[PDB]
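Chemist: Let me begin by handing over the structure; questions about it come next.
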Amino acid sequence: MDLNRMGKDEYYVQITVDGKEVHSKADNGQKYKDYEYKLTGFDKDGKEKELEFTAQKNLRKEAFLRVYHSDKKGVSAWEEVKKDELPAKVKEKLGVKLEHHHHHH
């Protein structure tokens, strides 16, 4: 893990697609299967990135997953969180409602 300058991207995704066992990973000739999670990732800027990462284990569905990103390999490290653990600004980014300027004068 070369720290150097980091400057790494993180896409806030939501695990909607689950249980995709890709048995195409037979390779040696066994019954071991990776899981496919292809979804729309939202970056800090506010774009829509298309990414599909395969995991050895089946991860937490319905959760908000923070996926790391770098140009030389796309994806490698990622962590599972909830909207409560994320900054409220994320809700002010996606999921904003009207009448939310409700303040006393």
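All residue names refer to the structure tokens as shown: chains lettered A, B, ... in order, residues numbered from 1 in each chain, ligands numbered from 1 in order.
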Please provide as a VMD selection string all residues within 8 Å of stretch 16-21 of chain A, with the sequence filter that same-chain residues fewer than 5 positions apart are discarded (counting only C-alpha atoms).
Modeler: chain A and resid 33 to 39 58 61 to 62
Chemist: Find, counting only C-alpha atoms, the residue in A:26, A:59, A:94, A:77 that gets nearest to residue A:1.
Modeler: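 Closest to residue A:1, using only C-alpha atoms: A:77.
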Chemist: Identify, with DSSP run on backbone atoms, the residues in chain A assigned to helix (DSSP H, G or I), and express the list as JSON, numbers by chain.
Modeler: {"A": [23, 24, 25, 26, 89, 90, 91, 92, 93]}
Chemist: Would you list the contacts of residue A:82 as a ChimeraX atom specification, taking every protein, DNA or RNA residue within 10 Å and counting only C-alpha atoms, but skipping same-chain residues closer than 2 positions in sequence?
Modeler: /A:14,62-66,80,84-86
Chemist: Excluding residue A:75 and residues on its chain fewer than 3 positions from it, collect all residues at most 12 Å away from it, counting only C-alpha atoms, and give them as a ChimeraX atom specification.
Modeler: /A:8-11,41,49-55,66-72,78-79
Chemist: Got time to write the residues from that selection, N, CA, C and O atoms, as a short mmCIF file (atom, residue, chain, number, x, y, z; two decimals), in the first residue's frame?
Modeler:
```
data_model
loop_
_atom_site.label_atom_id
_atom_site.label_comp_id
_atom_site.auth_asym_id
_atom_site.auth_seq_id
_atom_site.Cartn_x
_atom_site.Cartn_y
_atom_site.Cartn_z
N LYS A 8 -7.15 8.96 -4.18
CA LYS A 8 -7.97 7.84 -4.68
C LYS A 8 -9.46 8.21 -4.72
O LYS A 8 -9.95 8.98 -3.89
N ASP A 9 -10.18 7.65 -5.70
CA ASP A 9 -11.63 7.89 -5.82
C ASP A 9 -12.42 6.94 -4.91
O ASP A 9 -11.95 5.84 -4.58
N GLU A 10 -13.61 7.35 -4.50
CA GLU A 10 -14.53 6.46 -3.79
C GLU A 10 -15.97 6.65 -4.31
O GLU A 10 -16.50 7.76 -4.32
N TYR A 11 -16.57 5.56 -4.77
CA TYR A 11 -17.93 5.58 -5.29
C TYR A 11 -18.93 5.01 -4.27
O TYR A 11 -18.81 3.86 -3.85
N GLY A 41 -22.20 3.51 -9.56
CA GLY A 41 -21.47 4.15 -8.47
C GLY A 41 -21.47 5.67 -8.57
O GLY A 41 -21.22 6.23 -9.64
N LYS A 49 -20.91 6.16 -12.53
CA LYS A 49 -19.89 5.22 -13.02
C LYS A 49 -20.44 3.79 -13.08
O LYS A 49 -21.11 3.34 -12.15
N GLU A 50 -20.16 3.09 -14.17
CA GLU A 50 -20.57 1.68 -14.30
C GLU A 50 -19.42 0.75 -13.88
O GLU A 50 -18.35 0.75 -14.49
N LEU A 51 -19.65 -0.04 -12.84
CA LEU A 51 -18.62 -0.96 -12.34
C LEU A 51 -19.22 -2.30 -11.89
O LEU A 51 -20.30 -2.35 -11.30
N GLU A 52 -18.51 -3.39 -12.19
CA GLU A 52 -18.89 -4.72 -11.72
C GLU A 52 -17.70 -5.38 -11.00
O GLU A 52 -16.69 -5.72 -11.61
N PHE A 53 -17.82 -5.54 -9.68
CA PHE A 53 -16.77 -6.18 -8.89
C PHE A 53 -17.20 -7.56 -8.40
O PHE A 53 -18.34 -7.74 -7.95
N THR A 54 -16.31 -8.53 -8.53
CA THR A 54 -16.58 -9.90 -8.09
C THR A 54 -15.95 -10.17 -6.72
O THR A 54 -14.78 -9.87 -6.48
N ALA A 55 -16.74 -10.73 -5.81
CA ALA A 55 -16.29 -11.02 -4.45
C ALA A 55 -16.29 -12.53 -4.16
O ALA A 55 -17.19 -13.25 -4.61
N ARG A 66 -18.95 1.68 0.11
CA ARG A 66 -17.95 2.64 -0.37
C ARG A 66 -16.84 1.93 -1.16
O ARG A 66 -15.99 1.25 -0.57
N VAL A 67 -16.86 2.07 -2.48
CA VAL A 67 -15.90 1.39 -3.35
C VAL A 67 -14.72 2.30 -3.74
O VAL A 67 -14.91 3.36 -4.33
N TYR A 68 -13.50 1.87 -3.42
CA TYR A 68 -12.29 2.61 -3.81
C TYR A 68 -12.02 2.48 -5.32
O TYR A 68 -12.33 1.45 -5.93
N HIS A 69 -11.41 3.50 -5.92
CA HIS A 69 -11.13 3.50 -7.35
C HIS A 69 -9.77 4.16 -7.67
O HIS A 69 -9.42 5.21 -7.13
N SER A 70 -9.01 3.52 -8.56
CA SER A 70 -7.75 4.08 -9.08
C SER A 70 -7.57 3.67 -10.55
O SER A 70 -7.97 2.58 -10.95
N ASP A 71 -6.95 4.54 -11.35
CA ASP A 71 -6.86 4.34 -12.80
C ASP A 71 -6.17 3.01 -13.21
O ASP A 71 -6.60 2.35 -14.15
N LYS A 72 -5.13 2.61 -12.48
CA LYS A 72 -4.29 1.47 -12.89
C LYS A 72 -4.95 0.09 -12.67
O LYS A 72 -4.45 -0.92 -13.18
N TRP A 78 -12.82 -2.02 -0.69
CA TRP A 78 -14.16 -1.46 -0.49
C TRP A 78 -14.72 -1.81 0.90
O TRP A 78 -14.36 -2.83 1.48
N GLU A 79 -15.58 -0.94 1.44
CA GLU A 79 -16.16 -1.16 2.78
C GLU A 79 -17.69 -0.96 2.80
O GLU A 79 -18.24 -0.13 2.08
#
```
